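Below is one structure, written out as structure tokens, with a few remarks after it.
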Ligand SMILES: CC(C)[C@H](N)C(=O)O
Ligand SMILES: [Zn+2]
């Protein structure tokens with residue numbers, strides 16, 4: 001285990017471009033071992049960073065010397081860890097059925113893989129468990145297929161957990177998979193979707209990573225491929241695609257949290273998807289799910305030039321986000337990745353959209369920074385529930401607009 005005792009997470013404000021440029025100088029001070037939750041982009045866009053205990057003075061002094069304002073969002077990250085660990089301990093249950101699974105606690109890799117096998121066994125005629133590959137540490141990579149028949153019917157892909165530290169995404173992916181086998185046949189509207197389409201749902205899209213955030217390092221985001229030449233492990237799975245690969249927004253340093261890999265599709269966990277998509281070919285909408293920041297995003301990340309379907313994408317996004325907000329009030333923003341979060345090269349949806357999958361969306365779930373990746377387990381179900389309203393609006397649109 002790594003501990004995060006007295007590590008703080010700072011929210012840095014930048015009022016102009018010169019300040020934005022200073023924060024990305026600090027980002028270049030490798031030996032600070034700074035973990036940027038939400039990196040430098042533009043003035044008025046919030047920069048979140050986790051700084052390790054030793055580095056805190058160095059960061060604070062640099063910031064004040066330049067008159068850049070910061071605030072402390074989380075005064076000690078290890079306390080949030082202790083709270084999480086504490087409630088998984090108390091929630092440690094025994095799911096032999098999906099109706100008795102605890103959806104309101106975080107689970108381990110095994111417990112989720114167990115869940116998939118209990119789900120396909122309870123509803124064999126709807127869900128299937130497809131293995132599309134094996135990760136670097138040899139773990140199988142699974143996809144659930146939800147289908148009422150057909151041969152190569154138009155499908156809808158959802159993935160979750162491409163970045164392992166984002167535990168709200170794998171947890172919501174598990175709630176959705178119960179949800180579909182619940183509302184099929186009982187929800188007139190949702191029943192019409194599955195009568196026409198297939199849904200592919202990949203819950204643990206980065207299994208080696210996910211297990212590592214339970215074993216050794218909670219705050220781990222990359223894969224676990226061990227690379228030629230370094231003490232340094234992993235590549236950022238959402239910098240590894242061949243869309244703007246190696247462009248601005250991805251690091252060439254293997255020790256960086258945003259290191260792209262040696263070549264596009266070098267990671268098994270990504271190349272499995274690329275082969276799945278390129279062999280399926282009738283995938284109509286592609287949704288990749290992250291956290292945090294409460295954003296719904298569409299192409300592009302790597303480039304300022306607009307996607308050709310911009311007006312439509314912006315309207316779906318407008319409708320979806322409004323459906324999400326109608327439940328719990330949770331405020332989202334939307335728009336193209338590069339304008340709404342930052343420029344970042346080699347993303348999933350920039351690739352899929354360039355493969356003709358027009359309805360390519362990326363979510364960033366709750367929250368907007370007070371817990372970040374350590375989102376309280378009591379929010380797992382509200383988060384899944386409201387994002388299902390948005391995920392439905394996109395599915396309905398796919399159905400309608402053939
Ligand atoms: C680029 C963006 C789509 C994503 N949150 C990333 O940082 O990997
Ligand atoms: Zn992510």
Residues that are within 16 Å of ligand 1 (Cβ to nearest atom): list the strands (runs of 3 or more DSSP E) wholly contained in region 101-201 that include at least 2 such residues. 155-160
Can you pull out the residues in region 250-279 that are touching a helix residue (DSSP H, G or I) at 6+ places or on another chain (Cβ under 9 Å) and either outside the structural domain of residue 347 (by CATH) or surrounded by fewer than 16 Cβ atoms within 10 Å (Cβ to Cβ) (or both)? 253, 255
State which residue is farthest from ligand 1 (Cβ to nearest atom) when the search covers only region 347-367 and only residues that are surrounded by fewer than 22 Cβ atoms within 10 Å (Cβ to Cβ) and over 15 Å from residue 313 (Cβ atoms). 355
Only one of 292, 332 is buried (at least 21 other Cβ atoms within 10 Å of the Cβ) and away from ligand 1 (no atom under 12 Å from the Cβ); which? 332
Restricting region 222-249 to residues that are farther than 19 Å from residue 354 by Cα and within 16 Å of ligand 1 (Cβ to nearest atom), the one surrounded by the fewest Cβ atoms within 10 Å (Cβ to Cβ) turns out to be 236
Inter-residue pairs, beta-carbon under 6 Å, first farther than 17 Å from residue 390 by Cα and in the same structural domain as residue 193 (by CATH) and in region 157-172, second near ligand 2 (Cβ under 9 Å from one of its atoms) and assigned to a helix (DSSP H, G or I), 6+ apart: 161/169
Residues of region 195-232 that turn out to be within 26 Å of residue 24 (Cβ to Cβ) and out of contact with any helix residue (DSSP H, G or I) (no Cβ under 9 Å at 6 or more places or on another chain), as a count: 6
If I ask for residues that are under 22 Å from residue 169 (Cβ atoms) and out of contact with any strand residue (DSSP E or B) (no Cβ under 8 Å at 6 or more places or on another chain), which ones from region 266-290 would you list? 267, 270, 274
Given the condition buried (at least 19 other Cβ atoms within 10 Å of the Cβ), away from ligand 1 (no atom under 16 Å from the Cβ), under 23 Å from the mean Cα position of the chain (by Cα) and in contact (Cβ under 8 Å) with a residue 24 or more places away in the chain, answer yes or no: does some residue in region 18-32 qualify? no
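As a convention, Cβ positions derive from the backbone with ideal geometry for all residues, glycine included, and neighbour counts pool all protein chains shown. All of this is worked out from the model, or read from it or from the source named; none is laboratory data.
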